[PDB]
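To be precise, the following lines are coords-v5.cif, and they hold mmCIF, C-alpha atoms.
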data_work
#
loop_
_atom_site.label_atom_id
_atom_site.label_comp_id
_atom_site.auth_asym_id
_atom_site.auth_seq_id
_atom_site.Cartn_x
_atom_site.Cartn_y
_atom_site.Cartn_z
CA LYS A 312 0.00 0.00 0.00
CA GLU A 313 1.42 3.35 -1.11
CA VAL A 314 0.54 6.32 1.11
CA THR A 315 0.79 9.95 -0.02
CA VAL A 316 0.21 13.24 1.79
CA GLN A 317 -0.91 16.42 0.03
CA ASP A 318 -2.09 19.25 2.33
CA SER A 319 -3.13 16.64 4.95
CA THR A 320 -5.39 14.50 2.74
CA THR A 321 -3.24 11.37 3.38
CA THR A 322 -4.62 9.10 0.67
CA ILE A 323 -3.71 5.40 0.48
CA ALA A 324 -3.53 3.31 -2.69
CA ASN A 325 -2.19 -0.16 -3.42
CA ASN A 326 0.93 -0.58 -5.55
CA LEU A 327 0.45 -3.78 -7.54
CA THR A 328 3.98 -3.76 -8.97
CA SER A 329 5.77 -3.37 -5.62
CA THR A 330 7.69 -6.22 -3.97
CA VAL A 331 8.46 -7.54 -0.48
CA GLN A 332 11.64 -9.48 0.38
CA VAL A 333 11.71 -12.57 2.61
CA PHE A 334 14.56 -14.81 3.70
CA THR A 335 15.02 -17.40 6.44
CA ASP A 336 18.36 -17.67 8.22
CA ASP A 337 19.12 -21.36 8.03
CA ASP A 338 22.81 -21.35 8.99
CA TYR A 339 22.41 -19.16 12.11
CA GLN A 340 24.80 -16.52 10.80
CA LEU A 341 22.89 -13.52 12.16
CA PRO A 342 22.46 -12.51 15.80
CA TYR A 343 19.45 -14.50 17.00
CA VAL A 344 17.11 -12.14 18.86
CA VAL A 345 14.01 -14.33 19.14
CA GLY A 346 14.30 -16.39 22.31
CA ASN A 347 14.94 -13.43 24.62
CA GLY A 348 11.41 -12.72 25.82
CA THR A 349 10.58 -9.58 23.84
CA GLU A 350 7.39 -8.40 22.20
CA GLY A 351 6.13 -8.81 18.64
CA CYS A 352 4.88 -12.41 18.56
CA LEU A 353 1.72 -13.51 16.78
CA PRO A 354 -1.24 -12.48 18.96
CA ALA A 355 -2.95 -14.84 21.38
CA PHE A 356 -6.33 -14.17 19.80
CA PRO A 357 -6.74 -14.95 16.08
CA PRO A 358 -8.78 -11.87 15.04
CA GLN A 359 -6.01 -9.52 16.15
CA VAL A 360 -3.76 -7.82 13.58
CA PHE A 361 -0.17 -7.18 14.60
CA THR A 362 2.86 -5.21 13.43
CA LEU A 363 6.11 -7.01 12.85
CA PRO A 364 8.99 -5.90 15.11
CA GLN A 365 12.01 -4.08 13.77
CA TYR A 366 15.15 -6.17 13.60
CA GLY A 367 18.21 -4.93 15.47
CA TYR A 368 21.05 -6.21 17.58
CA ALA A 369 23.78 -5.12 19.96
CA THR A 370 27.43 -5.94 19.30
CA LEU A 371 30.47 -5.41 21.49
CA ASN A 372 30.96 -2.00 23.07
CA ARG A 373 34.11 -0.69 24.67
CA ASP A 374 34.80 -0.14 28.39
CA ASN A 375 31.10 -0.19 29.31
CA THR A 376 30.51 2.85 27.10
CA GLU A 377 28.64 3.53 23.88
CA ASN A 378 31.74 3.23 21.71
CA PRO A 379 32.59 0.13 19.66
CA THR A 380 35.46 -2.35 19.75
CA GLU A 381 37.55 -3.77 16.91
CA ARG A 382 35.51 -6.95 17.25
CA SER A 383 32.22 -5.09 16.85
CA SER A 384 30.66 -6.60 13.75
CA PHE A 385 28.21 -5.28 11.20
CA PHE A 386 25.85 -7.72 9.48
CA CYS A 387 24.18 -6.57 6.26
CA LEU A 388 20.94 -8.46 5.71
CA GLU A 389 20.92 -7.58 2.01
CA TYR A 390 23.93 -9.87 1.64
CA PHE A 391 21.74 -12.92 2.11
CA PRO A 392 19.91 -14.35 -0.90
CA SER A 393 16.22 -13.65 -0.36
CA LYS A 394 12.97 -14.21 -2.21
CA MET A 395 11.09 -11.29 -3.74
CA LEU A 396 7.29 -11.45 -3.67
CA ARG A 397 4.61 -9.51 -5.48
CA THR A 398 0.87 -9.80 -4.84
CA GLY A 399 0.40 -13.23 -6.41
CA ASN A 400 3.54 -14.72 -4.89
CA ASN A 401 3.81 -16.68 -1.64
CA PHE A 402 6.55 -18.09 0.59
CA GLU A 403 6.84 -21.49 2.30
CA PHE A 404 9.34 -22.96 4.76
CA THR A 405 9.67 -26.29 6.61
CA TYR A 406 11.70 -27.15 9.72
CA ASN A 407 12.28 -30.29 11.84
CA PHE A 408 13.07 -29.90 15.53
CA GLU A 409 16.13 -31.67 16.85
CA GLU A 410 15.69 -34.31 19.52
CA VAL A 411 14.97 -32.75 22.93
CA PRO A 412 13.60 -34.15 26.17
CA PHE A 413 9.91 -33.86 26.94
CA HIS A 414 8.83 -30.96 29.06
CA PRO B 622 42.20 -29.60 30.72
CA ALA B 623 42.85 -26.42 32.67
CA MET B 624 46.09 -25.68 30.82
CA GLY B 625 44.47 -26.27 27.46
CA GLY B 626 43.83 -28.61 24.58
CA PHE B 627 41.94 -31.86 24.38
CA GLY B 628 41.08 -34.15 27.29
CA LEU B 629 41.58 -37.73 26.15
CA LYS B 630 40.60 -40.96 27.89
CA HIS B 631 43.06 -42.83 25.65
CA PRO B 632 45.64 -40.25 24.58
CA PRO B 633 48.60 -40.94 22.29
CA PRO B 634 50.60 -43.61 24.11
CA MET B 635 53.95 -42.97 25.72
CA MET B 636 56.91 -44.00 23.58
CA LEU B 637 59.80 -45.08 25.79
CA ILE B 638 63.40 -45.79 24.80
CA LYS B 639 66.65 -46.81 26.47
CA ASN B 640 70.16 -47.91 25.57
CA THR B 641 70.70 -51.61 26.14
CA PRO B 642 73.61 -52.16 28.57
CA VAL B 643 76.94 -53.55 27.38
CA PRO B 644 78.96 -54.90 30.33
CA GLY B 645 82.60 -54.06 30.82
CA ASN B 646 85.35 -56.59 31.27
CA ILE B 647 84.25 -59.28 33.74
CA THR B 648 86.80 -62.03 34.32
CA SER B 649 85.08 -63.87 37.19
CA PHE B 650 81.73 -65.26 38.25
CA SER B 651 79.78 -63.39 40.90
CA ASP B 652 76.14 -63.71 41.88
CA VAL B 653 75.82 -59.95 42.42
CA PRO B 654 74.64 -58.11 39.29
CA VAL B 655 77.11 -56.51 36.90
CA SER B 656 77.70 -52.88 37.86
CA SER B 657 80.43 -52.05 35.30
CA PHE B 658 79.21 -51.04 31.85
CA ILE B 659 80.53 -49.45 28.69
CA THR B 660 79.39 -45.82 28.71
CA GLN B 661 77.52 -44.99 25.53
CA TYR B 662 74.71 -42.88 24.10
CA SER B 663 72.53 -43.06 21.02
CA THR B 664 71.11 -40.63 18.48
CA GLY B 665 68.76 -40.80 15.53
CA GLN B 666 65.76 -39.19 13.87
CA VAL B 667 62.06 -39.23 14.72
CA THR B 668 59.24 -38.16 12.40
CA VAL B 669 55.69 -37.47 13.58
CA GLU B 670 52.75 -37.17 11.20
CA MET B 671 49.44 -35.84 12.50
CA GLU B 672 46.15 -35.36 10.66
CA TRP B 673 43.81 -32.56 11.70
CA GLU B 674 40.15 -31.97 10.92
CA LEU B 675 39.18 -28.36 10.24
CA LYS B 676 35.95 -26.42 10.67
CA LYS B 677 35.32 -23.91 7.90
CA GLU B 678 34.49 -20.33 8.83
CA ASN B 679 31.04 -19.51 7.43
CA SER B 680 30.14 -15.92 8.30
CA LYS B 681 27.96 -13.07 7.03
CA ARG B 682 29.92 -10.33 8.83
CA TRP B 683 30.22 -7.43 6.39
CA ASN B 684 33.24 -5.55 7.70
CA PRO B 685 36.79 -6.92 7.95
CA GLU B 686 37.94 -8.91 10.95
CA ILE B 687 40.98 -9.05 13.19
CA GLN B 688 43.85 -11.15 11.85
CA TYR B 689 47.13 -12.22 13.34
CA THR B 690 49.62 -10.05 11.47
CA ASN B 691 53.39 -9.68 11.56
CA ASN B 692 53.65 -6.12 12.86
CA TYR B 693 56.65 -4.48 14.50
CA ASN B 694 57.83 -0.88 14.67
CA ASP B 695 61.53 -0.54 13.83
CA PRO B 696 62.45 -4.23 14.21
CA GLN B 697 66.09 -4.96 15.02
CA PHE B 698 65.51 -8.65 14.21
CA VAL B 699 62.77 -10.71 12.61
CA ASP B 700 60.66 -12.65 15.08
CA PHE B 701 60.39 -16.44 14.83
CA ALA B 702 63.76 -16.65 13.08
CA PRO B 703 67.34 -17.37 14.18
CA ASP B 704 69.47 -14.66 15.71
CA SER B 705 72.92 -13.56 14.55
CA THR B 706 74.30 -16.20 16.92
CA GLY B 707 71.87 -18.85 15.67
CA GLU B 708 69.45 -18.70 18.61
CA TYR B 709 65.81 -18.97 17.60
CA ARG B 710 63.73 -16.06 18.89
CA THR B 711 60.00 -15.93 19.63
CA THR B 712 58.90 -12.58 21.05
CA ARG B 713 55.18 -13.05 21.59
CA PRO B 714 52.57 -15.78 22.20
CA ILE B 715 50.05 -16.65 19.47
CA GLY B 716 46.58 -17.95 20.36
CA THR B 717 43.76 -19.23 18.17
CA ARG B 718 40.96 -16.71 18.73
CA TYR B 719 40.76 -13.99 16.08
CA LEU B 720 37.74 -14.65 13.87
CA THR B 721 34.54 -13.46 15.53
CA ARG B 722 31.16 -15.19 15.76
CA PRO B 723 27.76 -14.21 17.20
CA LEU B 724 26.31 -16.04 20.18
#

Would you encode the structure as structure tokens?
Amino acid sequence: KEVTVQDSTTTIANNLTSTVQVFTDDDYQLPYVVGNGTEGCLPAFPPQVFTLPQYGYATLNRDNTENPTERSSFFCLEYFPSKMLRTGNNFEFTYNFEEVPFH
Amino acid sequence: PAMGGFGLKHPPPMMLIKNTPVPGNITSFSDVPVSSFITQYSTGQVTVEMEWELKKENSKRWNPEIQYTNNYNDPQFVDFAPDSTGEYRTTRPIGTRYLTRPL
């Protein structure tokens, strides 16, 4: 959906030619932020619509300050191969859990 | 191990070596063991061949990493090489942890 603002009209239209990019990180090469107890999960109640969280991470900082280290790393997420989807396209992924003990 | 490396239940066995004794001149019979021997030593060569399995570094870090480099300001000698007398010199310790990886 493309949104435009002229003199506070704020119209919204749908861009049929525009794309979205999706990739799954299979090799665990990015900082993994999911299991840390933070918001943005699918809602508890199915009717609810939710926003996806913004991805971000913290690397090494120096001397308990805001400055970086030489081992502070930058990960570009454009440098993964990803799948580009228009309106008619869809994405599918399958995963098998490793053997764990029963809760 | 606290000092480092690989704990092994069955490590590489100990390889033990001695010079077999050659008695000196004994002209009589005695029931006490021979205490007089020809003094001698031995020399030779030993070759060891080890095979190592390696784990490739697979990383999406964008920016360059820290490397072990040969870096000295106004060196009077080259490090890890013989001296003018022939004495082999190692100035600094070298560990294995340089490449960086996310948790």

Draw an axis-aligned box over all listed atoms of segment 392-406 of chain A, pad each side with 5 Å, and write its centre and edge lengths in Å, one decimal, as lines of an AutoDock Vina configuration file.
center_x = 10.2
center_y = -18.3
center_z = 1.7
size_x = 29.5
size_y = 27.6
size_z = 26.1

Query - Within 10 Å of chain B: residues of chain A, using all atoms listed in the file, as an MDAnalysis selection string - result: chainID A and resid 338:343 370 381:388 390:391

Report task. Please evaluate the PyMOL selection byres ((chain A and resi 325) around 12) against the displayed coordinates and give the resulting residues as a PyMOL selection string. Result -> chain A and resi 312-315+322-324+326-330+397-398

Requested in this report: Take the point (0.6, -6.7, 19.4) as written in the file and pick out every residue within 8 Å of it, counting all atoms listed in the file; give the list as JSON, numbers by chain.
Outcome: {"A": [350, 351, 352, 353, 354, 359, 360, 361, 362]}

Query - All residues 12 Å or closer to segment 653-661 of chain B, all atoms listed in the file, same chain fewer than 4 positions away omitted, as number ranges by chain - result: B: 639-649

Report task. Report as an MDAnalysis selection string the residues that result from applying the PyMOL selection byres ((chain A and resi 404) around 12) to the structure here. Result -> chainID A and resid 333:337 394 401:403 405:407

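Picture a line from atom CA of residue 636 of chain B to atom CA of residue 668 of chain B; it runs 12.8 Å.
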
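Of note, atom CA of residue 348 of chain A and atom CA of residue 414 of chain A are spaced 18.7 Å apart.
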
**Report entry** For atom CA of residue 703 of chain B and atom CA of residue 666 of chain B, the interatomic separation in Å (one decimal)
**Finding:**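 These two atoms are separated by 21.9 Å.
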
Filled-in N, CA, C and O atoms of segment 345-363 of chain A, supplied as an mmCIF file, keeping the file's coordinate frame:
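As a result, rebuild01.cif now contains:
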data_model
loop_
_atom_site.group_PDB
_atom_site.id
_atom_site.type_symbol
_atom_site.label_atom_id
_atom_site.label_comp_id
_atom_site.auth_asym_id
_atom_site.auth_seq_id
_atom_site.Cartn_x
_atom_site.Cartn_y
_atom_site.Cartn_z
ATOM 1 N N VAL A 345 15.393 -13.903 18.954
ATOM 2 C CA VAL A 345 14.010 -14.330 19.140
ATOM 3 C C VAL A 345 13.753 -14.838 20.557
ATOM 4 O O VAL A 345 12.761 -14.458 21.191
ATOM 5 N N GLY A 346 14.628 -15.684 21.087
ATOM 6 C CA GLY A 346 14.300 -16.390 22.310
ATOM 7 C C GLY A 346 14.441 -15.610 23.604
ATOM 8 O O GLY A 346 14.463 -16.198 24.685
ATOM 9 N N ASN A 347 14.543 -14.288 23.507
ATOM 10 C CA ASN A 347 14.940 -13.430 24.620
ATOM 11 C C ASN A 347 13.772 -12.775 25.342
ATOM 12 O O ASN A 347 13.984 -11.907 26.189
ATOM 13 N N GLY A 348 12.541 -13.147 25.011
ATOM 14 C CA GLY A 348 11.410 -12.720 25.820
ATOM 15 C C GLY A 348 10.907 -11.329 25.522
ATOM 16 O O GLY A 348 10.439 -10.636 26.431
ATOM 17 N N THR A 349 10.941 -10.924 24.262
ATOM 18 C CA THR A 349 10.580 -9.580 23.840
ATOM 19 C C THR A 349 9.342 -9.641 22.952
ATOM 20 O O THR A 349 8.950 -10.697 22.457
ATOM 21 N N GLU A 350 8.710 -8.486 22.791
ATOM 22 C CA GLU A 350 7.390 -8.400 22.200
ATOM 23 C C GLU A 350 7.429 -8.682 20.694
ATOM 24 O O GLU A 350 8.485 -8.905 20.096
ATOM 25 N N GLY A 351 6.252 -8.672 20.078
ATOM 26 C CA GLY A 351 6.130 -8.810 18.640
ATOM 27 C C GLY A 351 5.744 -10.172 18.117
ATOM 28 O O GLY A 351 5.833 -10.388 16.905
ATOM 29 N N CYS A 352 5.334 -11.096 18.976
ATOM 30 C CA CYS A 352 4.880 -12.410 18.560
ATOM 31 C C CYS A 352 3.478 -12.333 17.957
ATOM 32 O O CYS A 352 2.770 -11.334 18.095
ATOM 33 N N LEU A 353 3.094 -13.392 17.250
ATOM 34 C CA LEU A 353 1.720 -13.510 16.780
ATOM 35 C C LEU A 353 0.773 -13.388 17.965
ATOM 36 O O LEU A 353 1.041 -13.957 19.028
ATOM 37 N N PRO A 354 -0.344 -12.683 17.822
ATOM 38 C CA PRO A 354 -1.240 -12.480 18.960
ATOM 39 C C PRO A 354 -1.787 -13.784 19.521
ATOM 40 O O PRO A 354 -1.735 -14.840 18.892
ATOM 41 N N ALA A 355 -2.304 -13.695 20.747
ATOM 42 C CA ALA A 355 -2.950 -14.840 21.380
ATOM 43 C C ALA A 355 -4.294 -15.139 20.745
ATOM 44 O O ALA A 355 -4.734 -16.291 20.710
ATOM 45 N N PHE A 356 -4.957 -14.127 20.264
ATOM 46 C CA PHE A 356 -6.330 -14.170 19.800
ATOM 47 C C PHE A 356 -6.376 -13.961 18.288
ATOM 48 O O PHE A 356 -5.871 -12.948 17.794
ATOM 49 N N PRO A 357 -6.938 -14.907 17.538
ATOM 50 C CA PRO A 357 -6.740 -14.950 16.080
ATOM 51 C C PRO A 357 -7.240 -13.716 15.340
ATOM 52 O O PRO A 357 -6.633 -13.341 14.327
ATOM 53 N N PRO A 358 -8.343 -13.078 15.760
ATOM 54 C CA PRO A 358 -8.780 -11.870 15.040
ATOM 55 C C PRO A 358 -7.814 -10.706 15.059
ATOM 56 O O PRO A 358 -7.961 -9.790 14.243
ATOM 57 N N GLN A 359 -6.846 -10.691 15.966
ATOM 58 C CA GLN A 359 -6.010 -9.520 16.150
ATOM 59 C C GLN A 359 -4.959 -9.389 15.049
ATOM 60 O O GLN A 359 -4.345 -10.372 14.628
ATOM 61 N N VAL A 360 -4.764 -8.157 14.578
ATOM 62 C CA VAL A 360 -3.760 -7.820 13.580
ATOM 63 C C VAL A 360 -2.567 -7.214 14.303
ATOM 64 O O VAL A 360 -2.737 -6.437 15.246
ATOM 65 N N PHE A 361 -1.361 -7.568 13.875
ATOM 66 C CA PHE A 361 -0.170 -7.180 14.600
ATOM 67 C C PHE A 361 0.880 -6.640 13.637
ATOM 68 O O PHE A 361 0.925 -7.005 12.465
ATOM 69 N N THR A 362 1.707 -5.734 14.147
ATOM 70 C CA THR A 362 2.860 -5.210 13.430
ATOM 71 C C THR A 362 4.061 -6.098 13.690
ATOM 72 O O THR A 362 4.224 -6.638 14.786
ATOM 73 N N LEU A 363 4.897 -6.251 12.679
ATOM 74 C CA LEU A 363 6.110 -7.010 12.850
ATOM 75 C C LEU A 363 7.162 -6.141 13.535
ATOM 76 O O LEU A 363 7.228 -4.936 13.283
#
